[PDB]
Amino acid sequence: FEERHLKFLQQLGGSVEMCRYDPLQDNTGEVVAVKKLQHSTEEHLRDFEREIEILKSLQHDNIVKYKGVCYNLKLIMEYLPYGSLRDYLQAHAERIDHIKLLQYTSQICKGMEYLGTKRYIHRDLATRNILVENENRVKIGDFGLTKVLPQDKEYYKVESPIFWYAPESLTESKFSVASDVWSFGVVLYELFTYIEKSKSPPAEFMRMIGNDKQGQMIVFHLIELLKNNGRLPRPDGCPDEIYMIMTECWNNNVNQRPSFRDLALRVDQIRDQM
Ligand SMILES: Cc1csc2c(Nc3cn(C)cn3)nc(N[C@@H](C)c3ncc(F)cn3)nc12
């Protein structure tokens with residue numbers, strides 16, 4: 001990929017831009033998503049190459065396709081036109097029923113189950129990091145915080161998304177498949193809230209902790225709440241069997257948390273019985 005053939009179309013949200021890769025200047029070229037670093041440091045760059053290597057190594061239906069690179073390093077990916085699942089849910093909620101939410105849920109599990117075989121830990125599972133390809137397919141769209149497990153350990157030690165974090169991630173900075181399972185439970189909760197603003201994991205947890213709590217105190221109070229089995233409530237209209245999956249993902253006992261395999265099967269069964 002050559003920088004002079006990447007035509008700027010728009011800012012998507014380092015930074016992510018929508019470009020046209022048109023080498024033979026005529027607009028026939030394909031529209032791609034381009035990720036680049038804003039405040040490019042030696043440390044920020046070294047993790048970005050690991051992210052590029054992680055994406056290149058991934059070949060799955062529910063994982064955003066790697067296309068190539070561009071050198072001032074730029075990661076070139078396929079363009080998914082409906083944006084993040086977080087935005088798509090807010091926008092088209094009217095055409096999204098519980099069967100559709102479970103179809104998305106299932107796809108997220110399948111993509112996560114695949115990451116697991118590569119011994120990769122996502123660390124940032126949230127609806128904002130899930131992209132919509134079309135009305136029937138979603139993909140994990142960002143791998144910026146993804147880590148590779150040490151060959152001999154089942155975990156890894158590292159601004160963080162605290163309201164999606166497992167207790168051991170908050171207390172010990174320990175990231176594993178089980179902490180990705182914990183976050184999947186938050187993703188499932190987000191889906192069944194349909195991203196109703198007041199019902200988001202930060203909004204709910206803050207109410208439970210006290211909206212008076214500030215900065216450094218919030219984390220300790222969140223750690224305490226989770227330890228005293230305080231949990232996100234059941235979203236309105238959320239089927240009890242779906243809430244039981246969430247609560248099982250939110251087990252304080254890391255080893256008692258379900259596998260992405262079992263989760264996809266359970267979600268697929270509920271979906272069929274619906
Ligand atoms: C409004 C909108 C419409 S399409 C789209 C999009 N598409 C995209 C991003 N990538 C990496 C591939 N296609 N990415 C983004 N934003 C970027 C930051 C993005 N990248 C990855 C992700 F998981 C979620 N969002 N917004 C939109």
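For the single chain, residues carry numbers from 1 onward in sequence order. When reading the values below, keep in mind they use all heavy atoms of this one structure, side chains included, and skip hydrogens, waters and symmetry mates.
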**Q** Assess the side chains of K100 and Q103: does a donor N or O sit below 3.5 Å from an acceptor N or O?
**A** yes

**Q** When rounded to the nearest 0.5 angstrom, what distance separates CD in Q90 from CG in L85?
**A** 10.5 Å

**Q** In chain order, what residues pass the side chain to side chain donor-acceptor pair (under 3.5 Å) check against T247, with sequence neighbours excluded?
**A** none

**Q** Identify the heavy atoms of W164 and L125 that sit nearest to each other, and give their distance.
**A** CD1-O, 3.2 Å

**Q** Are there more than 12 heavy atoms of other residues, nucleotides or ligands under 6.0 Å from atom CG of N134?
**A** yes

**Q** For the ring-ring contact (aromatic ring centres under 6.0 Å, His included) test, which of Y114, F143, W182 pairs with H122?
**A** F143

**Q** Any side-chain heavy-atom pair from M112 and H60 closer than 4.5 angstrom?
**A** no

**Q** I want to check something: taking the side chain as every heavy atom from C-beta on, are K157 and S173 in contact at a cut-off of under 4.5 Å?
**A** yes

**Q** Run the numbers on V34 and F8 for side-chain contact (heavy atoms from CB on, under 4.5 Å), then give the verdict.
**A** CA-CA 10 Å; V34 183; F8 175 77; over 6 Å; no

**Q** Closer than 3.5 angstrom, by distance alone: can the side chain of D22 be matched with the main-chain N or O of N27 as a donor-acceptor pair?
**A** yes

**Q** Within the 4.5 Å heavy-atom criterion, are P233 and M208 side-chain neighbours or not?
**A** yes

**Q** Going through the checks in order, is the salt bridge (charged side-chain N to carboxylate O under 4.0 Å, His left out) test met by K147 and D47?
**A** CA-CA 9 Å; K147 294 295 174 178; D47 279 275; 3.2 Å; yes

**Q** Checking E78 against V64 for the side-chain contact (heavy atoms from CB on, under 4.5 Å) test, could you report, in this order, the C-alpha distance in whole Å, the side-chain angles of both residues, the deciding distance, and whether it holds?
**A** CA-CA 7 Å; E78 71 173 330; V64 65; 4.0 Å; yes

**Q** Between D26 and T28, which heavy-atom pair has the shortest distance, and what is it?
**A** OD1-OG1, 2.6 Å

**Q** If the condition is salt bridge (charged side-chain N to carboxylate O under 4.0 Å, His left out), which residues does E248 pass it with, not counting sequence neighbours?
**A** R266

**Q** Between the side chains of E53 and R50, is the shortest nitrogen-to-carboxylate-oxygen separation below 4.0 Å, so that they form an ion pair?
**A** no

**Q** With rounding to the nearest 0.5 angstrom, report the OG to CG distance, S106 to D268.
**A** 3.5 Å

**Q** Measure from the ring center of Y155 to the ring center of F175 and say whether it is less than 6.0 Å.
**A** no

**Q** Does a donor on one side chain and an acceptor on the other come within less than 3.5 Å for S183 and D180?
**A** no

**Q** Could you pull out the closest heavy-atom pair between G111 and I63, with the gap in Å?
**A** O-CD1, 3.6 Å

**Q** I223 and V219: side-chain contact (heavy atoms from CB on, under 4.5 Å), yes or no, with the steps?
**A** CA-CA 6 Å; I223 281 165; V219 166; 3.8 Å; yes

**Q** Does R137 reach the main-chain N or O of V132 with its side chain, forming a donor-acceptor pair under 3.5 Å?
**A** no

**Q** So, for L222 and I162, which heavy atoms are closest and what is the spacing to 0.1 Å?
**A** CD2-O, 3.5 Å

**Q** Distance check, rounded to the nearest 0.5 Å: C109 atom SG versus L115 atom CG?
**A** 12.0 Å

**Q** Determine yes or no for a side-chain-to-main-chain donor-acceptor pair under 3.5 angstrom, with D124 supplying the side chain and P161 the backbone.
**A** no

**Q** Check the pair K74, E17 against salt bridge (charged side-chain N to carboxylate O under 4.0 Å, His left out), reporting the backbone distance first and the verdict last.
**A** CA-CA 10 Å; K74 289 167 171 189; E17 283 180 352; 5.6 Å; no

**Q** Can you hop from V181 to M244 via hydrophobic side chains spaced under 4.5 Å?
**A** no

**Q** For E224 and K213, what are the C-alpha separation, side-chain angles and deciding distance, and is it a salt bridge (charged side-chain N to carboxylate O under 4.0 Å, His left out)?
**A** CA-CA 13 Å; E224 288 291 277; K213 316 287 188 296; over 6 Å; no

**Q** Where is the tightest heavy-atom contact between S179 and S169, given as atom of each residue plus distance?
**A** CB-OG, 3.6 Å

**Q** Begin with the C-alpha distance, continue with both residues' side-chain angles, and end with the deciding distance and a verdict on side-chain contact (heavy atoms from CB on, under 4.5 Å) for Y120 and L149.
**A** CA-CA 6 Å; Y120 293 165; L149 283 179; over 6 Å; no

**Q** Under 30°, 30 to 60°, or over 60°: which ring-plane class applies to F192 and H98, parallel, tilted or perpendicular?
**A** tilted

**Q** Quick check: does any side chain N or O of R20 sit under 3.5 Å from a backbone N or O of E30, one acting as donor and the other as acceptor?
**A** no

**Q** Might you confirm whether atom CZ of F163 has over 12 heavy atoms from other residues, nucleotides or ligands at distances under 6.0 Å?
**A** yes

**Q** Atom SG of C19 and atom CD1 of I76: how far apart are they, to the nearest 0.5 Å?
**A** 7.0 Å

**Q** One thing to verify: whether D142 and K35 come together as a salt bridge, which I'm taking to mean a side-chain N less than 4.0 angstrom from a carboxylate O.
**A** yes

**Q** Which heavy atom in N252 sits nearest to a heavy atom in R231, and how many Å separate them?
**A** OD1-NH2, 3.0 Å

**Q** Out of curiosity, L80 CG to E133 CD, how far, rounded to the nearest 0.5 Å?
**A** 6.0 Å

**Q** Please check if any side-chain donor atom of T127 sits under 3.5 Å from a side-chain acceptor atom of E190, or the reverse.
**A** yes

**Q** Looking at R123 and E51, is any side-chain nitrogen of the basic one under 4.0 Å from a carboxylate oxygen of the acidic one?
**A** no

**Q** Shared ILVMFWY cluster between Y156 and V254, side chains joined below 4.5 angstrom?
**A** no

**Q** Just verifying a value: how many Å separate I140 CD1 and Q107 CD, rounded to the nearest 0.5 Å?
**A** 10.5 Å

